[PDB]
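Visitor: Okay, handing you the structure first.
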Amino acid sequence: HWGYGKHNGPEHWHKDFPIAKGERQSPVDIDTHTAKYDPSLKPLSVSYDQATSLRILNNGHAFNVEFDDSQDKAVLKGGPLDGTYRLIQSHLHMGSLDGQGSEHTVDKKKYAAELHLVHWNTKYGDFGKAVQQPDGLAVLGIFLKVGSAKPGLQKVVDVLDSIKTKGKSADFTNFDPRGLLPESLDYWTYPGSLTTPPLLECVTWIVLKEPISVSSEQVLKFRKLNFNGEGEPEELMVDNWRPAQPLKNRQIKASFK
C-alpha cells in the first residue's frame, strides 16, 4: 500500500498510478516571480456559516475530517470557480520539523504544515462523479506556521489520542472551518490534482497566501498520530506530504496585484 516511506513513497506512486507523471500534478512551487495577477478573477466566496462536520478520522495517511455534504450549507464560489462547490472533507499534511510539512511551496519556502478543505462541483451529483471531472473539485489550501496557538484547533488537539491509529475515528460535530481561515483571502490558483493516490487531475487549486498560526504544542500533538494500526510497530504520522511537481507550463494566477 502507498505511503511516504522509502519503499512506498511519492517516487513509487507512478507504478500503480501512472498519472503521477501527468501534466496537471499537485503540489507545485508557487513562484511569485512567474505567477501573474488575473483581473478576471471574481471575488472569492466562502460560505461556512452552517456547520457540517461529522467526525475526525485517521486513514493511515493523514488526519482528516468528514463533513455532511447533503446540502449547500458550506460551499465555495467565486474566484476562478464556475458554480457551487460543496465542502466534503479536510486533510492535514504535517512535517517532522517546523521547517517542512507543506505540500505547496511559495518561492521554494515550505511551511510546517498545510491544511486542505475539499469541495465538489454540485453539478456532478456527488463526490464520486465529481472526481472524474476536470472541474469537479475545488481545494482550498492553507499554510500553517508555528507561533501563537490557533483557537479553532484546540478542540481537535485534545481528542487526537482517540484517533491515534489508522482505521480509528471519533464523532466531532464542531470542527468549524471558519476558525482555520487566515485574515486575508488573497490566493494563487492553478489547475491541478489530488496530492495522494489516485492523484486525479480534477482539482482547481486555491492556495491562500497568508498562513495561519498554531502553537508548538498543537503541532506536537498532530505529530504524535500514527501511520500504523493498533498493536503494530509505531510509525509517527510525520512528513506525509508530496514534494512540488513539474508545473509543465501551467499558469499560476494571483488574486492580488
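Every chain in the C-alpha cells takes a letter, A first, then B, and so on in the order presented; its residues are numbered from 1, and the ligands are numbered from 1 following the presented order.
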Might you pull out every residue within 6 Å of stretch 166-179 of chain A, with only C-alpha atoms counted and same-chain residues fewer than 4 positions away left off, and present them as an MDAnalysis selection string?
Guide: chainID A and resid 53:60 152 228:229
Visitor: Put those residues in a file: N, CA and C atoms, as a compact mmCIF listing (two decimals), in the first residue's frame.
Guide:
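Done, and the output landed in result_38.txt:
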# COMPACT_ATOMS: atom_id res chain seq x y z
N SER A 53 -19.45 19.48 10.00
CA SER A 53 -18.50 18.44 10.37
C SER A 53 -19.19 17.29 11.11
N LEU A 54 -18.87 16.06 10.69
CA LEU A 54 -19.44 14.87 11.29
C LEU A 54 -18.46 14.10 12.17
N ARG A 55 -17.21 14.01 11.74
CA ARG A 55 -16.21 13.28 12.51
C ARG A 55 -14.79 13.51 12.01
N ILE A 56 -13.84 13.11 12.85
CA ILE A 56 -12.42 13.20 12.55
C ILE A 56 -11.95 11.75 12.40
N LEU A 57 -10.97 11.50 11.53
CA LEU A 57 -10.51 10.13 11.32
C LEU A 57 -9.02 10.04 11.02
N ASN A 58 -8.49 8.82 11.12
CA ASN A 58 -7.09 8.53 10.81
C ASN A 58 -7.20 7.37 9.82
N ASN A 59 -6.89 7.66 8.56
CA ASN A 59 -6.95 6.67 7.49
C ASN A 59 -5.57 6.10 7.14
N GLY A 60 -4.61 6.29 8.05
CA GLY A 60 -3.26 5.80 7.85
C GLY A 60 -2.41 6.62 6.89
N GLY A 152 -9.35 27.65 17.01
CA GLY A 152 -10.16 26.69 16.28
C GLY A 152 -9.56 25.31 16.09
N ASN A 228 0.59 3.66 11.30
CA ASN A 228 0.26 2.26 11.59
C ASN A 228 -1.09 2.01 12.27
N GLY A 229 -1.44 0.73 12.38
CA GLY A 229 -2.67 0.36 13.04
C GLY A 229 -2.36 -0.03 14.47
Visitor: As a PyMOL selection string, please: every residue in stretch 64-251 of chain A that DSSP puts in alpha helix (DSSP H).
Guide: chain A and resi 127-130+151-158+216-222
Visitor: What does the distance from atom CA of residue A:75 to atom CA of residue A:243 come to in Å, to one decimal?
Guide: 28.3 Å
Visitor: Neighbouring residues of residue A:119 were defined as those with any atom within 10 Å, considering only C-alpha atoms; residues of the same chain fewer than 5 positions away were excluded. Please report them as a PDB file with C-alpha atoms, in the first residue's frame.
Guide:
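After the write, out.pdb holds the following:
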ATOM      1  CA  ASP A  69     -22.309  17.350   2.263  1.00  0.00           C
ATOM      2  CA  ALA A  74     -20.798  25.018   3.395  1.00  0.00           C
ATOM      3  CA  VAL A  75     -19.828  25.966  -0.157  1.00  0.00           C
ATOM      4  CA  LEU A  76     -17.090  27.711  -2.140  1.00  0.00           C
ATOM      5  CA  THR A  84     -21.049  25.966  -6.409  1.00  0.00           C
ATOM      6  CA  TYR A  85     -18.619  23.597  -4.710  1.00  0.00           C
ATOM      7  CA  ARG A  86     -19.674  21.690  -1.608  1.00  0.00           C
ATOM      8  CA  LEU A  87     -17.385  21.001   1.376  1.00  0.00           C
ATOM      9  CA  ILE A  88     -16.901  17.257   1.935  1.00  0.00           C
ATOM     10  CA  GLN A  89     -13.585  16.841   3.731  1.00  0.00           C
ATOM     11  CA  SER A  90     -10.360  18.241   5.138  1.00  0.00           C
ATOM     12  CA  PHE A 127     -18.123  13.410  -4.826  1.00  0.00           C
ATOM     13  CA  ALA A 130     -17.026  14.868  -9.498  1.00  0.00           C
ATOM     14  CA  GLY A 136     -15.075  18.511 -10.235  1.00  0.00           C
ATOM     15  CA  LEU A 137     -13.146  19.639  -7.175  1.00  0.00           C
ATOM     16  CA  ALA A 138     -12.033  22.898  -5.640  1.00  0.00           C
ATOM     17  CA  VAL A 139      -9.457  22.602  -2.893  1.00  0.00           C
ATOM     18  CA  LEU A 140      -8.522  25.383  -0.514  1.00  0.00           C
ATOM     19  CA  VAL A 203      -8.789  19.958  -8.941  1.00  0.00           C
ATOM     20  CA  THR A 204      -8.916  23.730  -9.183  1.00  0.00           C
TER      21      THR A 204
END
Visitor: For stretch 26-38 of chain A, find every residue with an atom within 10 Å (counting only C-alpha atoms), except residues of its own chain fewer than 5 positions away, and show them as a VMD selection string.
Guide: chain A and resid 20 79 to 80 102 to 110 188 to 196 199 to 201 203 205 207 209 241 to 248 250 to 257
Visitor: Neighbouring residues of residue A:145 were defined as those with any atom within 7 Å, considering only C-alpha atoms; residues of the same chain fewer than 2 positions away were excluded. Please report them as a list in words.
Guide: residues 111, 112, 143, 147, 211, 212, 213 and 214 of chain A
Visitor: Which parts of stretch 65-111 of chain A does DSSP call strand (DSSP E or B) when run on the backbone here, written out as number ranges by chain?
Guide: A: 65-67, 75-79, 85-94, 105-106, 109
Visitor: Between A:7, A:39, A:135, A:18, which is the closest to residue A:123 once you count only C-alpha atoms?
Guide: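 When distances to residue A:123 are compared using only C-alpha atoms, the smallest one comes from A:135.
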Visitor: Considering only C-alpha atoms, state which residue in the set A:51, A:120, A:82, A:219 is at the smallest distance from residue A:68.
Guide: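 Nearest to residue A:68: A:51.
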Visitor: Go through A:49, A:239, A:157, A:182 and flag the residue nearest residue A:96, using only C-alpha atoms for the distances.
Guide: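 Checking each candidate against residue A:96, we get A:239 as the closest.
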